[PDB]
Amino acid sequence: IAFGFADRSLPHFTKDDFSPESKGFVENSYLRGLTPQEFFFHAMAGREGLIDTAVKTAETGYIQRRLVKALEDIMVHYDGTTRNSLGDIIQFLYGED
Amino acid sequence: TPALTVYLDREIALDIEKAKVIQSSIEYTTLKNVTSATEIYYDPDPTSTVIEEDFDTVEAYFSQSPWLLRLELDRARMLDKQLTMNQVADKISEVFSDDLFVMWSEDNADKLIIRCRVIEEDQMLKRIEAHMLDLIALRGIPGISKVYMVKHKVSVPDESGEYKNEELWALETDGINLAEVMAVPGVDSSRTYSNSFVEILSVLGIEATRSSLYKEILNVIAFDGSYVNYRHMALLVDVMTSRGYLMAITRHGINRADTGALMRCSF
Amino acid sequence: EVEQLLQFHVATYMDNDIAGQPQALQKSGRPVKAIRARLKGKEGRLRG
Amino acid sequence: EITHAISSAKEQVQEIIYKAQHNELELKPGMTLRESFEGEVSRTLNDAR
Amino acid sequence: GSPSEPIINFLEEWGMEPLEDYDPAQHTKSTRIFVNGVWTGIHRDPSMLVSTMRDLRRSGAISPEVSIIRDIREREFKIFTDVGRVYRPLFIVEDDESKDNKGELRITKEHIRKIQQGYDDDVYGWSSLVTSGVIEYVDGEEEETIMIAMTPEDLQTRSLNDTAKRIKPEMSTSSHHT
Amino acid sequence: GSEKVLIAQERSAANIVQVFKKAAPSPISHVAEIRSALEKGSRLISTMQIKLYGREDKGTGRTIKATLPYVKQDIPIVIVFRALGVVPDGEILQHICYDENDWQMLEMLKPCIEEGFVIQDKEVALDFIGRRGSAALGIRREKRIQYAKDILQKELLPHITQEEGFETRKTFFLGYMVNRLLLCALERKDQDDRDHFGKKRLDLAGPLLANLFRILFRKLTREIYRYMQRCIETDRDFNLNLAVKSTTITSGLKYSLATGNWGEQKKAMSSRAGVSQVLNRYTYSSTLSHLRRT
Amino acid sequence: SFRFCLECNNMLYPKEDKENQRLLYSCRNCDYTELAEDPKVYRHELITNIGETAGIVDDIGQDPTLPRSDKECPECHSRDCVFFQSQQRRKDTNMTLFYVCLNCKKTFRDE
Amino acid sequence: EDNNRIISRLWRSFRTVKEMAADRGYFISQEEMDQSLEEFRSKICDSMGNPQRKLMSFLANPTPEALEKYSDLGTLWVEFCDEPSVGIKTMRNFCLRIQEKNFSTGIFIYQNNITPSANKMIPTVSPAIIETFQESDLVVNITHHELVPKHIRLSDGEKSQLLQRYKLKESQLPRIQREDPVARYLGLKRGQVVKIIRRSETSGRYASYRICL
RNA sequence: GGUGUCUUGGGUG
Ligand SMILES: [Zn+2]
Ligand SMILES: [Zn+2]
């Protein structure tokens, strides 16, 4: 957990405190319950996960669209070769086996 | 993050001192890396000096412009890089043959110093000082900013034919220069590999480019334990290297083919 | 002036995305749906 | 047992902090003293959990 | 939002020196005073100025929504009366280090008795608490400079062993918390 | 007949200096940016960056050049200190250096002094500023000076003051900004945090309606001018109750609150959308949350 | 550290008195030219430490956010001191600390 | 000192050049293959230690197998030039000497740079062929790299056989650039087809074919 | 026998 405040993670800590509790170690379990500081740090981490899930899916879909458009015209032919729409050879035998 | 994997010759590959010497040989150091603080001194008489330390040095170096440069070289920095005063002064004179006259204190001297002379001249000294500190090379391949002493658990057969692990020192490096590092003595020239397959294409050809491309894609996919069957990535790398050069998966790559207009427009 | 008005009307009848000039606008403030805009994009003819 | 392990890890982290503050930490290749400190602490706490 | 005129007047009264009387040959230690992002002067001694400003805000003389932000490493004193700042209330721990009342909450059971009654004993609501100096507002910038106890029990370190209740943190690195 | 709620708008604070790092293939490395606004009206006025040209080990000239509004090319800093009325480089440095003992900052200030050594008086530097004011071609020097002097007086830190005879205060703020720039450039302080919530403001119904009403009322006054241009020609007394078309402000407020597009109707594009939304009355907590959204 | 002109209040630049071979300093605005004391004409540093202990003020004891340590003050044997790490912000800097006593305001270290 | 390094690099380049010539089909004496660093220094260097690059220049004739197979394989000339920078003068002399003694192919290894004016004489000297390499490029033999499989140029008849077996036109083959380091190393001309046998983790062995651009 | 077009905001997968 970065020092979002000046030299501390939260305003309930002192400056330049590198202990596990200051920088986001949650000592409790879910059964026992998180403290307010631990609750906030775990919320930051879950928010990071939600942002990642929301934002990476667009890059992934773009990548898969580009791959499909690049490889869409490639078919195994009756002579065993793997050719594109221009008839150009990509592999003389599919998968080399 | 460009990086090489420099396999060493077997005799070196087991010994650690030899591997460290090769490491020192491959890494790039500039005069910045061993310099503490540079001055500019007015020294009106070449045969004399206004300074009180280096008078003996130049009286022992004897038996142009009055502008002097007195740059200092820290001790431990030389010690850790196996660098002395002699090699540094030789390298400076190698590229500053006759437009510069160099005085240098000795290595055992209580202060490690270098003095230079020019042959209003208060700004050519500044330009020369900047250009020396920022362009004088000492040893190694330009483009290799860091070198690491890494350990690889290769599995090779024994003299009984049974496969046994074997613990060898190899090299990893920041930055990329495949052709020049491949030439450096002590390196297994037949096994150096780069993570930039454009470099592979420029140096080793297109088939090696295909191999490197498959290796990178397999690494990225199988990083987390996912397994994609071989033939799919083989097809993907065969499409990218079929024309003889690297074809990117973009409009700039896909739309330079000879296919019909309707395919290209549909994308 | 009038021939250039003709040139501009003919141009924006076909392509209303010309760099470095205003766009042919409609009464409501929206730009005109040119033919190129009909043909391009996720919602254009080819992909939509 | 669990709380003893967590206390042991807190003591280890405090010792790493003392070593870093008194200039005694062992650096790693391609890695800064602060990045080495952070990597060692993260290793310690992950193994504690 | 709030007018900046009373802030400037108090600063001029209490000792702020102007920038038309500025000479960096002498003023190597002086602290510069910003009001709404405008540098308006310098002071020889920010301590009593910030103390007096905080007492004025906690007495009602200054608008309760006015930021009073001292910076110590940067030798700055920033007062904000801007509109649009987000703020939240906190209890005020007695911090004057001179009386037995030091280190515990200024709010007591008399204040809660008055709040339940609904009037003072010669309407007592939230604003009366804010103006009596037991709760104040802090925005994000002022939050940088304060030391907030998480719960009223955290104001004192306890000497337990409850396998069910969660361990309230040790807070051992710091010898004495203020 | 439709319930509408105004969503609070989040914006960076005003009148604060922030210093930013830059990217590797950029000659500019460090940028101090300040936006200026007045306590009355709370409206933006002008923006003024102060960039640090020269990369690490590249871009040999490590000068610092401001970027004044209404000028095309970036002026060196000593030039603007001279245009504001402090020519001697000693006074510029002293306005910059509070502590003579420090040496690194004074060592990083020389290339600026060298690139702006030519000027020695206020008029010539202020013309150098004037030659860039992006105006028409061929204005003579004596009034090019007036245009540039106007830029140096107003549109240069309007929050400080826009009246004449107080240039020293603007010079002092320039010195403070330069010092923060150098502190960020010399690694003696970390770069300013864009996401810090103390450096942000929330615009509720008040300021939003203030902005929209200001726009629409200047519209109304332009209509009043364009009517009093005609009717006065007739040389008649007019009672002004037929001179104001009241439907302009009403239609504008209603259009903005009913569509959400915050701006004039013909500028729906380039205007913020969603400022106003249909109040969610599906359940009680949804209403309570929607009324407190940002 | 280059000085400034005693008359024109600009800055003096180096030059050479070829008839005496002594480094003067020439005003590029006025004609005044004085003798100098220090024959250094330029300086450059990369391993610097200005800002090591400089990030301290007199009233740093008044900061209620600084963590307080139990180190003994070498000066006044005071058992209460606030402490902090290097205010320098470079990447390779140490994590070694600095220690400020609240009694004498003398800075000390754990060395 | 640095002289040892220069001599060693030159000897490595010479060994690479001889391996190139033998790979391309020319006959090389078994003794000149195993040329050692010290024996090279003996036959080339001086009392002062500097090397005579005019003695490394050799002459190669087609091996009878590479004549029965590649009927268009003539005689090879390989020259290490002495001028670090090379201008139109040296290329003029080289082309005059190559046409003067009807050498089919001329490999021109240079040190520093080849100026464009000199570079322009390479294609206008038909029917001979002139190729150039830089010494820095020749230090490592890239065909010894593990990632570079063995390339074998097809003959005209075998290229025709390949095209008819697959019912193919030339433009429907995978391709290799004329500037490819392994195409440059092999002296591939436009239209010639290499056969590339390579490791296959699914089938063991796989033969690929590329045509030269 | 024939139930129109575009943007803004809030959600579901
Ligand atoms: Zn002067
Ligand atoms: Zn003390």
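Residues numbered from 1 in each chain as written, not as in the entry; some residues may be left out. Chains lettered and ligands numbered in written order. Part of a larger assembly, values for the part shown. Heavy atoms only, no water.

K.L.:
Run through the interface of chain F and chain E, naming residues and quoting values.
P.N.:
At the interface, 24 residues of chain F touch 27 residues of chain E. Surface buried jointly by chain F and chain E totals about 2200 Å² across both partners, of which 54% is contributed by carbon and sulfur atoms. Of all residues in chain F, F:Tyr98, F:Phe172 and F:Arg201 bury the most surface against chain E, accounting for 28% of the area lost on that side. Applying the counting rule to chain F against chain E returns two salt bridges. Residues F:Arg201 and E:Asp82 are paired through a salt bridge, measuring 3.4 Å at the closest nitrogen-oxygen approach. Our enumeration of links across chain F and chain E arrives at seven residue pairs in polar contact. Listing elements by their share of the side of chain F that touches chain E, those giving two or more residues are α6 (167-185) and β7 (200-203) of chain F. Tallying contributions element by element places α6(F) first for the side of chain F that touches chain E, with four residues. Classifying every residue of the side of chain F that touches chain E by side-chain character gives ten nonpolar, six polar and eight charged. (Contact = heavy atoms within 4.5 Å. Buried area = accessible area lost by both parts, 1.4 Å probe. Salt bridge = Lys/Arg side-chain N within 4 Å of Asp/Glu carboxyl O. Polar contact = N/O pair within 3.5 Å; in protein donor to acceptor, adjacent residues only side chain to side chain. Helix = DSSP H or I, 4+ residues; strand = E, 2+ residues; numbered from the N terminus. Nonpolar A, V, L, I, M, F, W, Y, C, P; charged D, E, K, R; others polar.)

K.L.:
Describe in detail the interface of chain H and chain B, supporting the description with residues and values.
P.N.:
Where interface size is quoted, it is often the accessible area lost as the parts come together. Counting from both sides, the interface comprises 26 residues of chain H and, opposite them, 27 residues of chain B. Summing both partners gives a buried area of about 2000 Å² for chain H against chain B, and 54% of it is carried by carbon and sulfur. Considering only the side of chain H, the residues that lose the most area to chain B are H:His145, H:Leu147 and H:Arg210, jointly responsible for 27% of the buried surface there. Here chain H and chain B share three salt bridges between them. Residue B:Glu207 is joined to H:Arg198 by a salt bridge in which the shortest nitrogen-to-oxygen separation is 2.9 Å. Run the count over chain H and chain B and you get ten residue pairs in polar contact.

K.L.:
Quick one: what's the story with the sheet that holds strand β2 (residues 76-80) of chain H, residue by residue and with numbers?
P.N.:
All names here are of chain H. If you trace the four strands from one edge of the open sheet to the other, you get β1-β2-β4-β6, paired in mixed fashion. Each edge of the open sheet is held by one strand with a lone partner, namely β1 (59-60) and β6 (129-134). Summarising the sheet, β2 and strand β4 (residues 105-110) pair through five bridges and their orientation is parallel. Bridging across to β4, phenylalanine 80 finds its partner in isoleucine 109. This element, helix α1 (residues 2-24), spans β2, β4 and β6 of the sheet and lies at about 170° to β2. The strands that helix α5 (residues 88-100) touches are β2, β4 and β6; relative to β4, the one it contacts most, it runs at about 155°. (Pairing = 2+ DSSP bridges. Axes fitted to C-alpha atoms, helices over the stretch in contact; angles between N-to-C directions.)

K.L.:
Lay out the packing of aromatic side chains with the relevant residues and their values.
P.N.:
A complete count under the given rule lists 27 aromatic pairs over all chains for this structure. With 5.7 Å between their ring centres and 50° between their planes, A:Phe3 and A:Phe18 make a pair best called tilted. Taken together, the residues A:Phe3 in the segment before α1 (36-71) and A:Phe18 in the segment before α1 connect sequence positions 15 residues apart. Considering the side-chain rings of B:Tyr61 and B:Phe62, the 6.4 Å spacing of their centres and the 90° angle between planes classify their relative orientation as edge-to-face. Accessibility expressed as a relative area gives 41% for B:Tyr61, which makes it partly exposed. A relative accessible area of 44% means that B:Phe62 is categorised as partly exposed. Site record: aromatic cluster; members linked through ring pairs are E:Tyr22, E:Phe34, E:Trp39, F:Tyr98, F:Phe172, F:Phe173 and F:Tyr176. (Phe/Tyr/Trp six-rings, centres within 6.5 Å; stacked < 30°, edge-to-face > 60°. Buried < 20%, exposed > 50% of the residue type's maximum accessible area, 1.4 Å probe, protein only.)

K.L.:
Could you give an account of the side chain of G:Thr93, with specific residues and numbers?
P.N.:
Along the chain, G:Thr93 falls in the loop between β6 (81-85) and β7 (97-101). Reaching out from G:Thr93, the side chain makes a polar contact with the backbone oxygen of G:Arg90 at a distance of 3.4 Å.

K.L.:
I'd love a proper account of the coordination of the zinc ion (ligand 2), names of residues and values included.
P.N.:
Residues and elements named next belong to chain G. Around the zinc ion (ligand 2), the protein contributes the donor atoms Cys73 (SG), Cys76 (SG), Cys101 (SG) and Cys104 (SG), at 2.3 Å from the metal centre. Taken together, the four donor atoms surrounding the zinc ion (ligand 2) define angles of 101 to 116° at the centre, an arrangement classified as tetrahedral. Sequence spacing among the residues donating to the zinc ion (ligand 2) works out to C-x2-C-x24-C-x2-C. In this pair, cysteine 73 is assigned in the loop between β5 (68-69) and β6 and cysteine 101 in strand β7, connecting sequence segments 28 residues apart. In this pair, the class of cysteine 73 matches that of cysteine 101, namely buried. (Donors = N, O, S within 2.8 Å, 3.2 Å for Na, K, Ca; no water. Tetrahedral: all angles 85-135°; square planar, octahedral: opposite > 155°, others 65-115°.)

K.L.:
Describe the protein's contact with RNA strand I, listing the residues and the values that go with them.
P.N.:
Lining the immediate surroundings of RNA strand I are F:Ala273, F:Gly274 and F:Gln277. Contacts to RNA strand I include F:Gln277, whose side-chain N or O atom sits 2.5 Å from a sugar or linking oxygen. (Near = heavy atom within 4 Å.)

K.L.:
How would you summarise the nonpolar core if you had to cite specific residues and measurements?
P.N.:
Generally speaking, nonpolar side chains in soluble globular proteins are found buried as a group. Within the largest apolar cluster, 65 residues are counted, with the highest numbers of intra-cluster contacts made by B:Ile26, B:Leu204, H:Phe40, H:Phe58, H:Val78, H:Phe80 and H:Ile109. No other element matches α1(H), which puts seven residues into this core. Split by domain, this core shows at least three residues from each of two domains, domain 1 (1-140) and domain 2 (141-213) of chain H. Judged by nonpolar contacts, the second largest core, of 59 residues, contains F:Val78, F:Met105, F:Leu152 and F:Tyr176. (Core = buried A, V, L, I, M, F, W, Y, C linked by side-chain atoms within 4.5 Å. Domains from an automatic or database assignment.)

K.L.:
Give a detailed account of the coordination of the zinc ion (ligand 1), specifying residues and quantitative values.
P.N.:
Residues and elements named next belong to chain G. Every protein donor of the zinc ion (ligand 1) is accounted for by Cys5 (SG), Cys27 (SG) and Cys30 (SG), and the metal-donor separations fall at 2.3 Å. Read N to C, the donor residues that coordinate the zinc ion (ligand 1) are spaced as C-x21-C-x2-C. For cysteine 27, a relative accessible area of 6% corresponds to the buried category. Residue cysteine 30 is classed as buried on the basis of its relative accessible area, which comes to 18%.

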